[PDB]
């Protein structure tokens, strides 16, 4: 029927957080190693991924209650979900006209052939694009896109997490917010929330295929030396 004060505040800082960690002009991309079209795009794309990981953390540090989880749970959540939040947040640069991420002119317009030259096979990129297409096609609001990312970050079923009772509770409070938001403030879409939860299941499958290609890549020194320290730490198997 209505949104509560606590729930309006959960929405406000989530939207603000995303605004503090997402630049719709992509003006920092000039500071990355330049794109080159055997894996000539890996330097740039590792730098892009490493940048975004930093972004995903600053966002995560502002999700209500994340800060209060023990350090090991904050780490466990960010380690398993980071790539999924990157796929989710990447949707803002994806374009249906060109079927690509358009972060700039010809340099920063990333297509499937490009991400191939960063070491990823069709078996991951073919679902990723279809996920991007269907996610764009839901025409989410700022408030829903940002709830979706926080709901993804707070999944209790990640390897490593220890206090899955409390993480469960934080994620259900956000699912309450999203469901209330969609009903009160989203004219259409009675089935939209069920569709958004489906998108989470898709990202789990994306997460698994990525992990395999990344494990294979990270284990090859000629390629792992083109990665960044942060990428190797967040996507790597340490504890």
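Residue numbers count along the first chain shown, from 1. The term rigid core refers to the maximal set of C-alpha atoms that superpose within 1.5 Å between the two forms.
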*Is the larger C-alpha RMS shift in 7 other deposited structures of this protein, relative to this form with the rigid core superposed, found in 185 to 193 or in 51 to 59?*
185 to 193
*With the rigid core as the fit anchor, does 152 to 160 or 105 to 113 show bigger C-alpha shifts in 7 other deposited structures of this protein?*
105 to 113
*Unmodelled deposited residues between residue 37 and residue 38: none, 1 to 3, 4 to 9, or 10 or more?*
10 or more
*Higher average CA B factor in the deposited record is what I'm after, so tell me if that's 83 to 91 or 164 to 172.*
164 to 172
_If you take the mean CA temperature factor per stretch, which one wins between 145 to 153 and 93 to 101?_
93 to 101
_Options 112, 118, 76, 140 - largest CA temperature factor per the record_ = 112
*asked:* Which third, lowest, middle or highest, does the C-alpha temperature factor of residue 185 belong to within its own chain?
replied: highest
*CA B-factor ranking of residue 202, expressed as a third of its chain*: middle
*State the tercile, meaning the lowest, middle or highest third, of residue 70 with respect to the CA B-factors recorded for its chain.*
highest
*Can you work out whether the C-alpha temperature factor of residue 13 puts it in the lowest, middle or highest third of the chain?*
middle
*By its CA B factor, does residue 21 count among the lowest, middle or highest third of the modelled residues in the chain?*
lowest
